[PDB]
Amino acid sequence: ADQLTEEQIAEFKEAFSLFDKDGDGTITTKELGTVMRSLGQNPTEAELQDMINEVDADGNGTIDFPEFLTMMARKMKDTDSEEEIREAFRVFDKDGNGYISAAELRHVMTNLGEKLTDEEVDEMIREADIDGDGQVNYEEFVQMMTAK
Amino acid sequence: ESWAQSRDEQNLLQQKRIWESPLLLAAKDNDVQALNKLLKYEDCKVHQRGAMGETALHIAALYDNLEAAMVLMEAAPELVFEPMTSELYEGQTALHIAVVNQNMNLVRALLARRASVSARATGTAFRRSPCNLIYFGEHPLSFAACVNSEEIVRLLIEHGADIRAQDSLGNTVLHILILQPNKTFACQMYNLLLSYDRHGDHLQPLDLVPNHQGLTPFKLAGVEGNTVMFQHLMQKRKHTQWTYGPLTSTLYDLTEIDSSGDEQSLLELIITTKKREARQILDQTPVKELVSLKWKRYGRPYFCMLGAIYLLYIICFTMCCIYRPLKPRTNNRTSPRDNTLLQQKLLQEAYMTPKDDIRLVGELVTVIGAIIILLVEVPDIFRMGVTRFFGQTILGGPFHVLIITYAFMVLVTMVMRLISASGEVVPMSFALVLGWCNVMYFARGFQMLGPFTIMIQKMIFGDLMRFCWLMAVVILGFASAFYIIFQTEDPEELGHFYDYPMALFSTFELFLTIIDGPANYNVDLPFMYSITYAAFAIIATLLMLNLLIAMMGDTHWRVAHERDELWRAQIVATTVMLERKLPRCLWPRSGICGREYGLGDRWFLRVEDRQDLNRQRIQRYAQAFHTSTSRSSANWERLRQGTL
Amino acid sequence: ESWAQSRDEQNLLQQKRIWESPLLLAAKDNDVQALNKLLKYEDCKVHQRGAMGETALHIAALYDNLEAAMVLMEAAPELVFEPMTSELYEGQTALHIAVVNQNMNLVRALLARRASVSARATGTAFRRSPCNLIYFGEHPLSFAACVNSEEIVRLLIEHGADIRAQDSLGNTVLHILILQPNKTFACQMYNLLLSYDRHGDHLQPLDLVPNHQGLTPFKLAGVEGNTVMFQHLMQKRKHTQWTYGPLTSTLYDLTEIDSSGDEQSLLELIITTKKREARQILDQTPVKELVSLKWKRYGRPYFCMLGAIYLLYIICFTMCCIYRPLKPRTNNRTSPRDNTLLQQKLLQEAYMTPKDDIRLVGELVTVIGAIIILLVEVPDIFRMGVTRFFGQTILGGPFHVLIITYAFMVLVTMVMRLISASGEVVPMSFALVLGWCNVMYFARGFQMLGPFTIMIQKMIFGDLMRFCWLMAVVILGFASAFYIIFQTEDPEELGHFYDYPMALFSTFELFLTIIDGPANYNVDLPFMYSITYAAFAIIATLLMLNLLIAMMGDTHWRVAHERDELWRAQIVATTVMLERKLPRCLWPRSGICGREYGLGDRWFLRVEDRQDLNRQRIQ
Ligand SMILES: CC(C)CCC[C@@H](C)[C@H]1CC[C@H]2[C@@H]3CC=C4C[C@@H](OC(=O)CCC(=O)O)CC[C@]4(C)[C@H]3CC[C@]12C
Ligand SMILES: CC(C)CCC[C@@H](C)[C@H]1CC[C@H]2[C@@H]3CC=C4C[C@@H](OC(=O)CCC(=O)O)CC[C@]4(C)[C@H]3CC[C@]12C
Ligand SMILES: CC(C)CCC[C@@H](C)[C@H]1CC[C@H]2[C@@H]3CC=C4C[C@@H](OC(=O)CCC(=O)O)CC[C@]4(C)[C@H]3CC[C@]12C
Ligand SMILES: CC(C)CCC[C@@H](C)[C@H]1CC[C@H]2[C@@H]3CC=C4C[C@@H](OC(=O)CCC(=O)O)CC[C@]4(C)[C@H]3CC[C@]12C
Ligand SMILES: CC(C)CCC[C@@H](C)[C@H]1CC[C@H]2[C@@H]3CC=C4C[C@@H](O)CC[C@]4(C)[C@H]3CC[C@]12C
Ligand SMILES: CC(C)CCC[C@@H](C)[C@H]1CC[C@H]2[C@@H]3CC=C4C[C@@H](O)CC[C@]4(C)[C@H]3CC[C@]12C
Ligand SMILES: [Ca+2]
Ligand SMILES: [Ca+2]
Ligand SMILES: [Ca+2]
Ligand SMILES: [Ca+2]
Ligand SMILES: [Ca+2]
């Protein structure tokens with residue numbers, strides 16, 4: 001939705017992915033039904049019908065990725081980050097997946113001395129790991145800068 | 001080197017021709033008042049050129065002047081055509097410049113003037129080279145897809161672009177999106193460009209046509225190391241069979257990954273390319289499970305049978321060198337009687353006893369083994385290459401050379417035995433240290449010995465080679481210094497330095513501290529000697545041999561996750577080699593076939609896994625729909641200080 | 001050292017004179033009631049002094065008393081003038097103190113009283129020294145520009161300041177802004193001070209006039225290592241030619257950077273200064289591309305031709321030392337017949353065979369090569385310096401000394417050959433280990449060998465020198481201990497310790513474990529020996545030689561990004577040296593000239609780059 005940077009699309013792409021558990025680009029009422037039951041909720045069949053039909057511009061009946069990207073730019077929370085942090089993250093992230101890893105904080109720390117054990121690398125991860133996948137986001141990376 | 005000198009002279013000359021022309025300078029800034037005064041004249045040179053062979057419309061499009069460019073199109077509509085005629089920017093039209101500058105009004109104005117959407121920017125400044133900072137393509141659709149403008153791509157298709165535009169490299173539009181430095185936004189365009197295909201029957205859909213190297217867009221992401229594009233192209237090639245709670249069972253398609261491959265398949269492309277970013281595709285979702293099922297099942301047992309045949313081969317060669325024929329010395333000791341100790345020599349008619357008939361069997365095992373090496377290795381060197389890319393396959397490297405040099409030195413010994421030449425000690429004593437140190441090849445199939453044999457190689461071509469240039473500086477200076485000190489004295493009470501070849505071999509050993517050091521304690525040594533040897537032992541033993549341990553110790557923890565990535569790529573290179581050379585009676589093809597399961601003729605590999613259940617993530621995106629610690633936090637401040 | 005003792009006695013004496021004066025104490029706190037009682041008297045001492053030679057108005061301005069200071073100006077307007085007359089704060093007026101305290105009302109009150117805006121605070125407490133904590137300048141405009149008060153700078157210009165005020169160092173206002181510790185706010189003032197120039201024709205604009213060292217404000221940022229001020233001054237010296245999507249082509253001006261430089265140019269200022277913060281300007285935007293275009297094109301081939309001429313020179317010298325003349329021993333062995341082994345000696349009339357006529361050619365190659373060294377290196381030592389700053393050029397350092405000592409020892413051997421002196425082994429055996437170890441100079445032009453030769457130098461003047469003080473302590477204690485043990489015994493069954501010069505040379509080798517160790521196993525050694533050698537081998541071999549490896553290993557990862565910055569500065573020092581000494585027929589001048597392109601007579605270097613995309617949708 002052409003206001004979104006490189007790291008947000010990479011966050012929203014896998015965010016689209018764990019909804020879509022059949023390996024395509026279509027959110028039917030089924031897959032959003034499988035999510036909302038796993039949240040412990042009882043999904044109303046009208047509620048499942050409304051939430052798909054509310055954001056579906058093409059009218060096919062399945063939410064694809066550009067419509068999930070359009071919806072998420074509406075319901076974006078906010079971010080007001082810095083130039084120095086964003087340029088730091090794009091150099092730190094090497095393959096460009098939008099994520100710094102445990103394999104990619106070893107490279108940054110070896111770049112400035114700083115002998116870490118592989119345990120202490122993962123001990124750095126879990127402090128910045130707000131949600132949890134064993135990876136630090138861009139939103140979590142900003143959080144570990146402007147804390148002071 | 002002189003081309004960049006010539007290219008800089010072109011850009012300064014272009015700025016000269018603009019200032020020395022009243023049309024081009026007025027089209028440069030904006031000067032909409034000045035164009036109406038010039039273009040109303042009779043001969044106002046509308047087809048004027050420059051250093052890049054550009055017109056006034058190329059200038060107005062390059063410096064982003066919408067107002068001046070429309071005046072040029074009104075007074076002369078022929079300038080929408082007629083691209084640049086220089087060698088550098090050959091073929092680049094004015095539509096190309098408006099697209100790269102990502103202008104929306106100037107592109108739509110040019111398309112109303114019947115611009116060519118199928119022109120080719122086939123200059124030397126658009127080709128894929130390390131000299132150029134960009135590789136955008138040749139066509140306007142290729143330019144709009146790489147600067148990430150979805151408005152102009154949709155605009156160019158509606159005015160009749162070609163979705164299958166191929167370059168001089170043969171690359172389509174989808175190949176160029178992979179070669180771009182912004183991986184995430186290339187994925188967004190890749191879905192868009194396939195969406196407008198949708199009628200590409202052609203007996204070739206869209207993303208299956210290769211370039212002039214035979215690479216599809218799927219395999220080009222494999223070679224160039226686009227980890228982001230590789231995971232995006234996996235969405236088409238998997239099928240979720242069933243989801244049983246926190247347990248899914250996907251079904252990957254091994255039709256472009258598995259090296260059954262009469263064509264060139266993806267495991268050969270990754271393992272032979274020189275990039276260090278392509279070896280990260282060996283950890284992805286179908287490829288990591290494919291290699292392990294080849295290596296555990298059929299890769300490791302066949303590699304440990306070749307490790308045991310070769311080990312019994314190099315024992316059979318060793319006992320032919322121990323029991324080799326010798327006779328006592330024939331004529332005399334009379335070579336000058338103070339420096340000769342050899343007392344046996346080589347025999348001519350060796351095979352005349354029953355104990356040598358056993359050895360003749362053992363030598364024919366060796367020589368036949370030396371021919372078989374030169375028939376399975378040399379017809380890959382002279383055939384697949386003219387030795388241009390044989391050196392570093394992955395980093396595996398020397399074991400091609402050590403097995404050729406072994407098979408050469410056995411056959412030199414065959415020649416010297418048949419013609420009964422004198423010195424067979426020289427071709428043998430190479431052939432043993434080349435022979436047994438090639439057993440280190442078979443230490444890549446064991447995790448204990450695997451990553452250690454890589455660190456031996458990364459020191460010899462590195463932290464040991466740069467030490468042996470500054471060792472040969474030192475032991476040429478001191479060995480020529482110690483030689484002239486003991487040159488004027490007695491060479492039997494201390495004879496470490498009597499010849500200059502011997503003085504080089506003493507000081508090589510005194511640098512290594514493997515022999516003791518010249519001391520007699522009965523006769524007065526030269527007074528200059530004790531000064532120049534105490535100078536020597538400080539910068540040999542106290543300084544420079546304690547600076548290898550400080551340098552190899554510094555390197556060993558820096559490349560300590562690279563050598564683990566190098567070992568997992570040595571298994572893939574071994575597995576593909578064992579799969580290719582062995583027959584099809586052994587080594588069954590990987591994955592389950594699909595003939596008797598209603599899936600076609602291709603080959604599948606299913607992987608099931610337990611993923612998670614992460615509540616805090618899934619609850620945050622769900623509402624959006626609606627109608628040990630102490631020294632870790634010390635490390636982040638160390639990163640905040642480094643970032644600042 | 002005693003000056004700081006004397007300066008502390010001045011400050012305590014100033015507080016004494018204030019308390020011992022009813023005017024100065026009342027002006028100190030505020031006491032506006034007490035001033036009216038004193039100043040209405042007849043002889044109330046308005047020109048009273050102190051320890052710093054200050055008046056009552058200097059006190060009221062120093063302790064920031066606006067109310068008391070106006071009372072002093074009303075009762076005595078002469079105190080706005082008359083600066084401090086001490087040696088320490090010489091010349092400092094009351095306007096200076098109100099500006100540094102950044103008072104706005106007291107400055108405007110002094111300017112109404114016709115204060116001097118062109119006074120000079122030329123004391124010893126304002127000069128640029130390591131003793132002083134500040135260097136603000138001499139003029140009130142220099143004081144207001146360094147405490148970052150844009151209100152007072154605008155106020156001082158309107159009352160007739162001088163924008164070209166120069167110190168006793170020659171520094172203008174713009175030079176002083178570079179020497180300040182706050183880099184970012186110095187950039188903000190630098191734009192302000194040039195903005196009020198705008199009529200500085202003068203045949204010198206404003207930021208081109210140098211100080212008394214010949215340095216402009218651009219080159220003074222280069223010497224002092226202001227990376228922030230250096231990038232701010234690059235805005236004036238570039239020109240963006242064209243912007244083609246994510247691709248710009250700038251055009252830098254090499255008129256004060258490139259070392260064509262009949263004047264002293266910026267690559268010589270950075271590479272000879274002693275600061276370790278100036279070597280970070282070798283990574284900036286015009287300088288990093290300038291050095292690489294000199295080194296790849298003309299720097300590396302000319303450095304590898306001098307590496308091959310010198311290598312064939314030191315082979316020609318080596319074979320003159322191998323084939324040097326010797327004759328057999330003349331008289332007798334009769335020197336005392338148990339400790340003499342020499343059996344050849346040096347010849348006098350050596351050149352009488354055809355095999356020595358080849359060597360005479362080889363020796364004249366050597367001696368001519370030894371003169372040429374002393375003609376290209378010694379007239380830079382006695383001319384550009386009296387050996388005050390020759391030692392550490394960058395850190396490059398010893399190779400000046402090793403090539404002089406080589407050319408000296410060849411010429412000593414020339415003297416001993418002509419007068420037919422006895423011992424030529426001593427001047428040769430220096431000249432070879434000095435000669436071949438100088439080939440390590442030519443390992444700075446190869447990235448494989450470059451950063452390793454720096455770590456050899458940073459151990460010899462460091463972690464090996466501090467070990468050889470605590471090695472000579474040990475092998476004086478044990479070698480004098482082992483000597484007296486075997487002093488009373490037989491010096492042929494175990495003769496490692498028979499002389500005291502030999503006992504020092506055994507224990508030096510037993511510390512290094514290069515010779516084995518005294519053991520005979522046929523005769524009973526002293527009982528004290530096995531105790532004192534087991535004590536020795538623990539603190540030589542088990543403790544202290546395993547503590548070099550723990551210390552050199554600890555250092556090697558700490559200075560592991562400094563030695564990479566030292567290597568990129570050894571290339572710049574080599575490139576500038578090769579550019580200076582070679583003629584102009586070789587080594588074309590860097591960059592494109594501007595005569596036939598309509599840009600003047602200066603020399604330009606264009607650099608194009610692709611910047612970003614992620615910061616292009618949003619920028
Ligand atoms: C006569 C009788 C005893 C049979 C003896 C046969 C084996 C002892 C030889 C014959 C051919 C040899 C093979 C020839 C070619 C290769 C490939 C070669 O590949 C590499 O060197 C890859 C690593 C690199 O890139 O350097 C490793 C050894 C190997 C498997 C050799 C292993 C030992 C073999 C099986
Ligand atoms: C940086 C160095 C100085 C480390 C400190 C160790 C010293 C205690 C060593 C190093 C050099 C040594 C000297 C090198 C040369 C000589 C000359 C040597 O010659 C003689 O006087 C006897 C003749 C002979 O030995 O042939 C005797 C030992 C001595 C003084 C050595 C004594 C012990 C010294 C001073
Ligand atoms: C008769 C013929 C064979 C004459 C041959 C002479 C050359 C072998 C000599 C003469 C002048 C020498 C040069 C004179 C000056 C220098 C600069 C000198 O610079 C330093 O020492 C810088 C290091 C530091 O900062 O300490 C290094 C050696 C070098 C290149 C010398 C290299 C060897 C040269 C070319
Ligand atoms: C860290 C240490 C305490 C543990 C290991 C050290 C021991 C193995 C060393 C330390 C002291 C040594 C002893 C010191 C003195 C002597 C006397 C020595 O006698 C001689 O000098 C032989 C001729 C004679 O005088 O009779 C024989 C060895 C012996 C017992 C040594 C044997 C080896 C000992 C016990
Ligand atoms: C000169 C003759 C007598 C013997 C010379 C031995 C040399 C040429 C041989 C013997 C030992 C060999 C090395 C042994 C181990 C390794 C590590 C391996 O990962 C790559 C090959 C490599 C780096 C070999 C390179 C070649 C080598 C150095
Ligand atoms: C006593 C006589 C016989 C021998 C004396 C040799 C001494 C003076 C020489 C030989 C080896 C030389 C060293 C070799 C290597 C380096 C590292 C380099 O980066 C700077 C010079 C430096 C530090 C040299 C200094 C001088 C040196 C120590
Ligand atoms: Ca779905
Ligand atoms: Ca949809
Ligand atoms: Ca990553
Ligand atoms: Ca996360
Ligand atoms: Ca040792």
# chains A, B, ... in the order shown; residues from 1 in each chain; ligands from 1
>>> closest_atom_pairs(of="chain A", to="ligand 8", cutoff="10 Å", atoms="only C-alpha atoms and all ligand atoms", output="JSON lines")
{"residue": "A:25", "atom": "CA", "partner": "ligand 8", "partner_atom_place_in_ligand_line": "1 (Ca)", "distance": 9.1}
{"residue": "A:26", "atom": "CA", "partner": "ligand 8", "partner_atom_place_in_ligand_line": "1 (Ca)", "distance": 7.4}
{"residue": "A:27", "atom": "CA", "partner": "ligand 8", "partner_atom_place_in_ligand_line": "1 (Ca)", "distance": 8.4}
{"residue": "A:28", "atom": "CA", "partner": "ligand 8", "partner_atom_place_in_ligand_line": "1 (Ca)", "distance": 9.7}
{"residue": "A:52", "atom": "CA", "partner": "ligand 8", "partner_atom_place_in_ligand_line": "1 (Ca)", "distance": 9.1}
{"residue": "A:53", "atom": "CA", "partner": "ligand 8", "partner_atom_place_in_ligand_line": "1 (Ca)", "distance": 9.4}
{"residue": "A:55", "atom": "CA", "partner": "ligand 8", "partner_atom_place_in_ligand_line": "1 (Ca)", "distance": 8.2}
{"residue": "A:56", "atom": "CA", "partner": "ligand 8", "partner_atom_place_in_ligand_line": "1 (Ca)", "distance": 5.0}
{"residue": "A:57", "atom": "CA", "partner": "ligand 8", "partner_atom_place_in_ligand_line": "1 (Ca)", "distance": 6.1}
{"residue": "A:58", "atom": "CA", "partner": "ligand 8", "partner_atom_place_in_ligand_line": "1 (Ca)", "distance": 5.1}
{"residue": "A:59", "atom": "CA", "partner": "ligand 8", "partner_atom_place_in_ligand_line": "1 (Ca)", "distance": 6.2}
{"residue": "A:60", "atom": "CA", "partner": "ligand 8", "partner_atom_place_in_ligand_line": "1 (Ca)", "distance": 5.5}
{"residue": "A:61", "atom": "CA", "partner": "ligand 8", "partner_atom_place_in_ligand_line": "1 (Ca)", "distance": 6.2}
{"residue": "A:62", "atom": "CA", "partner": "ligand 8", "partner_atom_place_in_ligand_line": "1 (Ca)", "distance": 5.0}
{"residue": "A:63", "atom": "CA", "partner": "ligand 8", "partner_atom_place_in_ligand_line": "1 (Ca)", "distance": 4.3}
{"residue": "A:64", "atom": "CA", "partner": "ligand 8", "partner_atom_place_in_ligand_line": "1 (Ca)", "distance": 4.9}
{"residue": "A:65", "atom": "CA", "partner": "ligand 8", "partner_atom_place_in_ligand_line": "1 (Ca)", "distance": 8.0}
{"residue": "A:66", "atom": "CA", "partner": "ligand 8", "partner_atom_place_in_ligand_line": "1 (Ca)", "distance": 7.8}
{"residue": "A:67", "atom": "CA", "partner": "ligand 8", "partner_atom_place_in_ligand_line": "1 (Ca)", "distance": 6.1}
{"residue": "A:68", "atom": "CA", "partner": "ligand 8", "partner_atom_place_in_ligand_line": "1 (Ca)", "distance": 8.6}
>>> write_last_selection(atoms="N, CA and C atoms", output="PDB file, in the first residue's frame")
ATOM      1  N   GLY A  25      -2.067 -18.084  -1.921  1.00  0.00           N
ATOM      2  CA  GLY A  25      -2.329 -16.720  -1.514  1.00  0.00           C
ATOM      3  C   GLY A  25      -3.795 -16.386  -1.334  1.00  0.00           C
ATOM      4  N   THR A  26      -4.581 -17.230  -0.663  1.00  0.00           N
ATOM      5  CA  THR A  26      -6.023 -17.013  -0.525  1.00  0.00           C
ATOM      6  C   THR A  26      -6.475 -17.282   0.903  1.00  0.00           C
ATOM      7  N   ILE A  27      -7.008 -16.260   1.573  1.00  0.00           N
ATOM      8  CA  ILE A  27      -7.622 -16.433   2.895  1.00  0.00           C
ATOM      9  C   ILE A  27      -9.119 -16.620   2.672  1.00  0.00           C
ATOM     10  N   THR A  28      -9.553 -17.876   2.708  1.00  0.00           N
ATOM     11  CA  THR A  28     -10.973 -18.178   2.710  1.00  0.00           C
ATOM     12  C   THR A  28     -11.492 -17.998   4.139  1.00  0.00           C
ATOM     13  N   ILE A  52     -14.117 -11.111   6.006  1.00  0.00           N
ATOM     14  CA  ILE A  52     -13.527 -11.379   4.701  1.00  0.00           C
ATOM     15  C   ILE A  52     -14.107 -10.400   3.690  1.00  0.00           C
ATOM     16  N   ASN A  53     -15.429 -10.229   3.726  1.00  0.00           N
ATOM     17  CA  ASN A  53     -16.135  -9.403   2.755  1.00  0.00           C
ATOM     18  C   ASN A  53     -15.895  -7.916   2.980  1.00  0.00           C
ATOM     19  N   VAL A  55     -12.895  -6.441   3.807  1.00  0.00           N
ATOM     20  CA  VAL A  55     -11.726  -6.143   2.993  1.00  0.00           C
ATOM     21  C   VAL A  55     -11.525  -7.254   1.961  1.00  0.00           C
ATOM     22  N   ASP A  56     -12.149  -7.067   0.801  1.00  0.00           N
ATOM     23  CA  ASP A  56     -11.945  -7.890  -0.383  1.00  0.00           C
ATOM     24  C   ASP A  56     -12.379  -7.048  -1.571  1.00  0.00           C
ATOM     25  N   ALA A  57     -11.428  -6.381  -2.222  1.00  0.00           N
ATOM     26  CA  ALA A  57     -11.785  -5.359  -3.196  1.00  0.00           C
ATOM     27  C   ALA A  57     -12.162  -5.980  -4.535  1.00  0.00           C
ATOM     28  N   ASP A  58     -11.489  -7.066  -4.904  1.00  0.00           N
ATOM     29  CA  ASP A  58     -11.697  -7.686  -6.206  1.00  0.00           C
ATOM     30  C   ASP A  58     -13.029  -8.424  -6.277  1.00  0.00           C
ATOM     31  N   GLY A  59     -13.519  -8.896  -5.136  1.00  0.00           N
ATOM     32  CA  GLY A  59     -14.795  -9.573  -5.098  1.00  0.00           C
ATOM     33  C   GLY A  59     -14.751 -11.061  -5.354  1.00  0.00           C
ATOM     34  N   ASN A  60     -13.570 -11.681  -5.331  1.00  0.00           N
ATOM     35  CA  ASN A  60     -13.485 -13.123  -5.531  1.00  0.00           C
ATOM     36  C   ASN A  60     -13.975 -13.889  -4.307  1.00  0.00           C
ATOM     37  N   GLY A  61     -13.818 -13.300  -3.127  1.00  0.00           N
ATOM     38  CA  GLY A  61     -14.218 -13.936  -1.884  1.00  0.00           C
ATOM     39  C   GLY A  61     -13.070 -14.461  -1.050  1.00  0.00           C
ATOM     40  N   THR A  62     -11.831 -14.370  -1.521  1.00  0.00           N
ATOM     41  CA  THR A  62     -10.669 -14.812  -0.766  1.00  0.00           C
ATOM     42  C   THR A  62      -9.699 -13.650  -0.639  1.00  0.00           C
ATOM     43  N   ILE A  63      -9.210 -13.412   0.575  1.00  0.00           N
ATOM     44  CA  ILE A  63      -8.256 -12.333   0.793  1.00  0.00           C
ATOM     45  C   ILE A  63      -6.872 -12.792   0.359  1.00  0.00           C
ATOM     46  N   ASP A  64      -6.307 -12.112  -0.629  1.00  0.00           N
ATOM     47  CA  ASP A  64      -4.939 -12.356  -1.051  1.00  0.00           C
ATOM     48  C   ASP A  64      -3.979 -11.433  -0.314  1.00  0.00           C
ATOM     49  N   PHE A  65      -2.718 -11.460  -0.734  1.00  0.00           N
ATOM     50  CA  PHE A  65      -1.723 -10.635  -0.055  1.00  0.00           C
ATOM     51  C   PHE A  65      -1.848  -9.131  -0.304  1.00  0.00           C
ATOM     52  N   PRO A  66      -2.130  -8.608  -1.517  1.00  0.00           N
ATOM     53  CA  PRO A  66      -2.295  -7.142  -1.616  1.00  0.00           C
ATOM     54  C   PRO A  66      -3.518  -6.601  -0.896  1.00  0.00           C
ATOM     55  N   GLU A  67      -4.545  -7.423  -0.680  1.00  0.00           N
ATOM     56  CA  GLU A  67      -5.670  -6.974   0.132  1.00  0.00           C
ATOM     57  C   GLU A  67      -5.367  -7.103   1.616  1.00  0.00           C
ATOM     58  N   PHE A  68      -4.576  -8.106   1.996  1.00  0.00           N
ATOM     59  CA  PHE A  68      -4.104  -8.183   3.373  1.00  0.00           C
ATOM     60  C   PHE A  68      -3.079  -7.093   3.649  1.00  0.00           C
TER      61      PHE A  68
END
>>> closest_atom_pairs(of="chain A", to="ligand 9", cutoff="6 Å", atoms="only C-alpha atoms and all ligand atoms", output="JSON lines")
{"residue": "A:93", "atom": "CA", "partner": "ligand 9", "partner_atom_place_in_ligand_line": "1 (Ca)", "distance": 4.9}
{"residue": "A:94", "atom": "CA", "partner": "ligand 9", "partner_atom_place_in_ligand_line": "1 (Ca)", "distance": 5.5}
{"residue": "A:95", "atom": "CA", "partner": "ligand 9", "partner_atom_place_in_ligand_line": "1 (Ca)", "distance": 5.2}
{"residue": "A:96", "atom": "CA", "partner": "ligand 9", "partner_atom_place_in_ligand_line": "1 (Ca)", "distance": 5.9}
{"residue": "A:97", "atom": "CA", "partner": "ligand 9", "partner_atom_place_in_ligand_line": "1 (Ca)", "distance": 5.3}
{"residue": "A:99", "atom": "CA", "partner": "ligand 9", "partner_atom_place_in_ligand_line": "1 (Ca)", "distance": 4.6}
{"residue": "A:100", "atom": "CA", "partner": "ligand 9", "partner_atom_place_in_ligand_line": "1 (Ca)", "distance": 4.6}
{"residue": "A:101", "atom": "CA", "partner": "ligand 9", "partner_atom_place_in_ligand_line": "1 (Ca)", "distance": 5.5}
>>> residues_near_ligand(ligand="ligand 5", cutoff="12 Å", atoms="only C-alpha atoms and all ligand atoms", output="ChimeraX atom specification")
/B:391-392,394-403,405-406,409,425-444,449-462,464-465,563,566-567,570
>>> closest_residue(among="A:147, A:69, A:10, A:136", to="chain B", atoms="only C-alpha atoms")
A:10
>>> residues_around(residues="residue 108 in chain C", least_positions_apart="5", cutoff="10 Å", atoms="only C-alpha atoms", output="JSON, numbers by chain")
{"C": [95, 98, 103, 113, 115, 152, 155, 156, 159]}
>>> write_last_selection(atoms="C-alpha atoms", output="PDB file, in the first residue's frame")
ATOM      1  CA  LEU C  95      33.101  42.618  28.365  1.00  0.00           C
ATOM      2  CA  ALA C  98      29.991  38.900  30.556  1.00  0.00           C
ATOM      3  CA  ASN C 103      24.793  37.127  30.153  1.00  0.00           C
ATOM      4  CA  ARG C 113      28.893  52.443  27.875  1.00  0.00           C
ATOM      5  CA  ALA C 115      32.992  49.126  25.617  1.00  0.00           C
ATOM      6  CA  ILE C 152      25.607  37.712  21.413  1.00  0.00           C
ATOM      7  CA  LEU C 155      24.833  41.621  18.986  1.00  0.00           C
ATOM      8  CA  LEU C 156      28.599  42.048  18.648  1.00  0.00           C
ATOM      9  CA  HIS C 159      28.166  47.125  17.370  1.00  0.00           C
TER      10      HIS C 159
END
>>> interface_residues(of="chain A", to="chain C", cutoff="9 Å", atoms="only C-alpha atoms", output="PDB file with C-alpha atoms, in the first residue's frame")
ATOM      1  CA  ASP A   2       2.866   2.239  -1.237  1.00  0.00           C
ATOM      2  CA  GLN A   3       3.759   3.900   2.072  1.00  0.00           C
ATOM      3  CA  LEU A   4       5.288   0.773   3.550  1.00  0.00           C
ATOM      4  CA  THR A   5       9.015   0.177   3.820  1.00  0.00           C
ATOM      5  CA  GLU A   6      11.070  -2.937   3.128  1.00  0.00           C
ATOM      6  CA  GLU A  83      17.423   7.290  10.035  1.00  0.00           C
ATOM      7  CA  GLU A  87      20.451   2.256   8.027  1.00  0.00           C
ATOM      8  CA  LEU A 112      33.870  -5.181  16.690  1.00  0.00           C
ATOM      9  CA  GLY A 113      35.799  -7.740  18.775  1.00  0.00           C
TER      10      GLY A 113
END
>>> closest_atom_pairs(of="chain B", to="ligand 6", cutoff="8 Å", atoms="only C-alpha atoms and all ligand atoms", output="Markdown table")
| residue | atom | partner | partner_atom_place_in_ligand_line | distance |
| --- | --- | --- | --- | --- |
| B:474 | CA | ligand 6 | 11 (C) | 7.8 |
| B:528 | CA | ligand 6 | 3 (C) | 7.8 |
| B:531 | CA | ligand 6 | 1 (C) | 5.7 |
| B:532 | CA | ligand 6 | 3 (C) | 4.1 |
| B:533 | CA | ligand 6 | 3 (C) | 7.5 |
| B:534 | CA | ligand 6 | 1 (C) | 7.8 |
| B:535 | CA | ligand 6 | 4 (C) | 5.2 |
| B:536 | CA | ligand 6 | 4 (C) | 7.2 |
| B:539 | CA | ligand 6 | 11 (C) | 7.1 |
